Amino acid sequence: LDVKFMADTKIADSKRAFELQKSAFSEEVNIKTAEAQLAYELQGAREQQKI
Amino acid sequence: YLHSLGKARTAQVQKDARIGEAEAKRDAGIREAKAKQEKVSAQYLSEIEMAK
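Residues numbered from 1 in each chain as written, not as in the entry; some residues may be left out. Chains lettered and ligands numbered in written order. Part of a larger assembly, values for the part shown. Heavy atoms only, no water. Residues with missing side-chain atoms left out of burial classes, pairs and counts.

### Details of the overall build of chain B
Within chain B one finds one helix and zero strands. Dimensions along the principal axes, computed over C-alpha positions, put chain B at roughly 75 × 10 × 5 Å. (Helix = DSSP H or I, 4+ residues; strand = E, 2+ residues; numbered from the N terminus.)

### So, the interface of chain B and chain A
Taken together, the contacts link twelve residues of chain B with twelve residues of chain A. Counting the surface chain B buries against chain A, the share from its top three residues, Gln37(B), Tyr44(B) and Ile48(B), is 51%. Where chain B meets chain A, there are zero salt bridges. Connecting chain B to chain A are two residue pairs in polar contact. For the side of chain B that touches chain A, a count of residues per class yields six nonpolar, two polar and four charged. (Contact = heavy atoms within 4.5 Å. Buried area = accessible area lost by both parts, 1.4 Å probe. Salt bridge = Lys/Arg side-chain N within 4 Å of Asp/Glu carboxyl O. Polar contact = N/O pair within 3.5 Å; in protein donor to acceptor, adjacent residues only side chain to side chain. Nonpolar A, V, L, I, M, F, W, Y, C, P; charged D, E, K, R; others polar.)

### What to know about the pattern of salt bridges
Taken as a whole and judged by the stated rule, the model has five salt bridges over all chains. Between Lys22(A) and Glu19(A) there is a salt bridge, with the nearest N and O atoms lying 2.8 Å from each other. With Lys22(A) and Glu19(A) both in helix 1 (residues 2-50) and three residues apart, this pair spans about one turn of that helix. Residue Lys22(A) is classed as partly exposed on the basis of its relative accessible area, which comes to 30%. Between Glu49(B) and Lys52(B) there is a salt bridge, with the nearest N and O atoms lying 2.6 Å from each other. Classification of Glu49(B) as partly exposed rests on a relative accessible area of 45%. One connected set of salt bridges, linked through shared partners, spans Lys15(A), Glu19(A) and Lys22(A). (Buried < 20%, exposed > 50% of the residue type's maximum accessible area, 1.4 Å probe, protein only.)

### Brief notes about the packing of helix 1 of chain A against helix 1 (residues 7-51) of chain B
One way to put it is that helix 1 of chain A packs onto helix 1 of chain B with a least axis distance of 9 Å and a crossing angle of 5 degrees. Here helix 1 of chain A is positioned roughly parallel relative to helix 1 of chain B, judged by the angle of their axes. Where helix 1 of chain A approaches helix 1 of chain B, its residues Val3(A), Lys4(A), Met6(A), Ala7(A), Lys10(A), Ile11(A), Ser14(A), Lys15(A), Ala17(A), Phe18(A), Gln21(A) and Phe25(A) are matched on the opposing element by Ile30(B), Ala33(B), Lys34(B), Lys36(B), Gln37(B), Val40(B), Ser41(B), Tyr44(B), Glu47(B), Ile48(B) and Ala51(B). Residue classes in the contact of helix 1 of chain A with helix 1 of chain B are distributed as 13 nonpolar, four polar and six charged. (Axes fitted to C-alpha atoms, helices over the stretch in contact; angles between N-to-C directions. Parallel < 35°, antiparallel > 145°, perpendicular 65-115°, else oblique.)

### Considering the side chain of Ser14(A)
Here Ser14(A) lies in helix 1. Leaving out residues up to four positions away in the same chain, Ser14(A) has contacts with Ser41(B) and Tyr44(B).

### Remarks on the packing of aromatic side chains
A full pass over the atoms with the stated rule returns one aromatic pair over all chains. Ring geometry for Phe18(A) versus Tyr44(B): centroids 6.0 Å apart, planes at 50 degrees, classification tilted. Of this pair, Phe18(A) sits in helix 1 while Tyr44(B) sits in helix 1, on two different chains. For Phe18(A), a relative accessible area of 10% gives the class buried. In this structure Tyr44(B) comes out as buried when scored by relative accessible area, which is 17%. (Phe/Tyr/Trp six-rings, centres within 6.5 Å; stacked < 30°, edge-to-face > 60°.)

Structure (structure tokens):
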């Protein structure tokens, strides 16, 4: 069991690095996703002006 | 009367058996655990590059 708990800690430290980086990357994806969705209105409203 | 004299050995060999079993299972768990470390660690380390 002593070796077991130590093994579980190293698995957790590996988990930690991964989930942390997922979050960092998801922020970037989420940010540019919103822009991609709403750009049609940013341009659409701007074009209604001339129309 | 007669069955008594040999119970000492039942008990002795039971130690020996119990100690062999436990030492062995101990090493098994030790190795399996150490095996689990690199296996799961390398999986996450590789999956990080897949995410990147």
